[PDB]
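Colleague: my complex, part one, positions kept as in the full thing:
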Amino acid sequence: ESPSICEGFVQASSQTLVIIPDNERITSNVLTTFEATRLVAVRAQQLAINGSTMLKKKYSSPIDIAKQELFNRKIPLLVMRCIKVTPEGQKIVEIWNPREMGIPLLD
Amino acid sequence: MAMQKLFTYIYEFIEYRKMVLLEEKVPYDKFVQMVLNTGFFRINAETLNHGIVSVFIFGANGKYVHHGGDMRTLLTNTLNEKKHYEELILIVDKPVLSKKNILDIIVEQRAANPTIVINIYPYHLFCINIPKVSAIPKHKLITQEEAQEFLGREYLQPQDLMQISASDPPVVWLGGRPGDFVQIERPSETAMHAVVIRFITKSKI
């Protein structure tokens, strides 16, 4: 009996974001090439949809502007890294800063 | 010639487990004839926990490895002895492990006696100094507190770690109960030896 829904606790309990203190993070302080590439791609798409920038040197493509923002440490994004899914509905992340963190080769 | 090798390496295993003997050591001849006639050689060991561990070296084709009534009688009467009896160990021939009725009596007495742990091992576990084998890296049991510290630093529940059966020869020689952690120093062609921590699960039947 029952249509697989009435007893179905399908709605997962909402999670609370716990941010690990800045002195407790144990992940690399250097952007992995995946993370740097994702940051550049997100920033460049957002410049395509919006167009605003903090650069002084004006470029003719959002890719170049986002790449320089990552290189010149003005990209307005925060890489958050998540390490847990606790049964207590408590997602454990540590929010890193791409401006403070090192930058891989990418070239 | 598994009898002589088993006879020397069981005592080496008792020494490896950091246990003391409650009796005097008979020689090879008395051991083998008593095994052949009685059907088992019983060895008592005392641990630092002041618990008692008994080992039963069953015969290859004796009276005790074929019929469940006698095996049941042995377990019932030996487990009511007033020793602390931390762990009981049965060392039997390899083909005996497939024989069902012995496994049934083993599990029945395990369920009947909760606090006592019973394990039945084949001969090949105690026919060689297992920790001294070249191919076997160095296993060591980390305490619960340091394992918990390692897990909490790693944000890992114990079930996340790689599993190792409690019947693994190095773990058996170490004396690893299920639910405990074993740290391993495995040689590596890449990093020149590396350390892993494995979770001990329930043994084989």
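Modeller: Good, I have the coordinates. Numbering: from 1, shown residues only, chains lettered A, B, ... in the order given.

Colleague: in three-state terms, label residue B:163 for me.
Modeller: State at residue B:163, reduced to three classes by DSSP: H, G, I helix; E, B strand; the rest coil: strand.

Colleague: got it, and residue B:159?
Modeller: Reduced to three states with three-state DSSP, the structure at residue B:159 is helix.

Colleague: distance of it from residue B:204?
Modeller: Taken as C-beta to C-beta, to the nearest Å, the spacing of residue B:159 relative to residue B:204 amounts to 19 Å. No exception for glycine: its C-beta is placed from N, CA and C like everyone else's.

Colleague: so which of these two has more stuff around it?
Modeller: For residue B:159 and residue B:204, the more surrounded residue by other C-beta atoms under 10 Å in any protein chain shown is residue B:204, and the numbers stand at 13 against 8.

Colleague: now the more buried one. Nearest residue, chain neighbours left out?
Modeller: Closest residue in space to residue B:204, ignoring its immediate chain neighbours: residue B:167 at 4.6 Å, by C-beta to C-beta, 6 or more residues apart in numbering or on different chains.

Colleague: what's the helix or strand for that neighbour?
Modeller: Element membership for residue B:167 (DSSP states H and E) is empty, with no helix or strand holding it.

Colleague: while you're at it, add chain C from this line:
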Amino acid sequence: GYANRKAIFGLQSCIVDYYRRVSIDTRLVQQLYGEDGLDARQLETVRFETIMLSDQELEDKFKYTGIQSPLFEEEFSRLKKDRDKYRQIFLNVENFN
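Modeller: With chain C added, the chains above now look like this:
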């Protein structure tokens, strides 16, 4: 193709996590990726000089005698210890192969 597809579906779920462990979902497969955590594209083959040297040859070449500080005795003992550890581990590896 048959073997490769079977192997791919066996291994595809192994993803390096934020600890550089290789993990399936959350269950560990490896404590560290190559047991060194290094990308396969960033490896160079270099010779370890002290491995095959005899004890007197090691003292002739690597022992520093220009200063009588015991720090250099400690440093040379560290070199000898590393050489002995390398020899032991890889002699064992040679043994079970």
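
Colleague: got the contact list for residue B:173?
Modeller: Contacts were defined as C-beta atoms under 8 Å, 6 or more residues apart in numbering or on different chains; by that measure residue B:173 touches B:13, B:16, B:17, B:125, B:130, B:131.

Colleague: where exactly do the helices run in chain B?
Modeller: According to DSSP state H, chain B carries its helices in the segments B:2-16, B:28-38, B:68-79, B:100-112, B:144-154, B:169-174.

Colleague: can I get those helices in CSV with distance to residue C:73?
Modeller: Formatted as CSV, those follow (distance: least, C-beta to C-beta, whole Å):
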stretch, distance to residue C:73
helix B:2-16, 37
helix B:28-38, 51
helix B:68-79, 60
helix B:100-112, 58
helix B:144-154, 33
helix B:169-174, 37
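
Colleague: tell me the most buried of those helices?
Modeller: helix B:169-174 (a mean of 20; mean count of other C-beta atoms under 10 Å in any protein chain shown).

Colleague: residue B:191 - how many residues pack around it?
Modeller: As a burial measure, the neighbour count of residue B:191 was computed by other C-beta under 10 Å and equals 14.

Colleague: and residue C:67, by the same measure?
Modeller: Burial of residue C:67 is recorded as 8 neighbouring residues (other C-beta under 10 Å).

Colleague: also put chain D on there:
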Amino acid sequence: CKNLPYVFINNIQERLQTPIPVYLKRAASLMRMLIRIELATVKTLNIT
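Modeller: Chain D now in position relative to the chains above:
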């Protein structure tokens, strides 16, 4: 060489000198050994 296993964590835990897990120490053993061999005092006399 003592701080070498901290390339696996970050600079923050290097400054705070927090404990290193055993397997992290073991992972950098080969690089530590190579650095000791190649940066030995008998080989860095001319290096300021």
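
Colleague: since we added chain D, can you redo the neighbour count of residue C:67?
Modeller: By other C-beta under 10 Å, 9 other residues sit near residue C:67.

Colleague: show me what contacts residue B:103?
Modeller: Taking C-beta under 8 Å, 6+ apart as the definition of contact, the neighbours of residue B:103 are B:97, B:120, B:205.

Colleague: measure it to chain D for me?
Modeller: Taking C-beta to the nearest C-beta, to the nearest Å as the measure, residue B:103 and chain D are separated by 38 Å.

Colleague: kindly report the same for residue C:71.
Modeller: From residue C:71 to chain D the distance is 9 Å (C-beta to the nearest C-beta).

Colleague: and that residue, how many neighbours?
Modeller: Under the neighbour criterion other C-beta under 10 Å, residue C:71 is assigned a count of 10.

Colleague: phi, psi of it?
Modeller: Main-chain dihedrals, residue C:71, degrees, to the nearest 10: phi -60, psi -40.

Colleague: pop out the phi and psi values for residue 27.
Modeller: You didn't say which chain, so I picked chain A. Its backbone dihedrals place residue A:27 at phi -100, psi 160, with angles given as degrees, to the nearest 10.

Colleague: correction: the question concerned chain B.
Modeller: phi -90, psi -180.

Colleague: burial of it, as a residue count?
Modeller: By other C-beta under 10 Å, the residues close to residue B:27 number 8.
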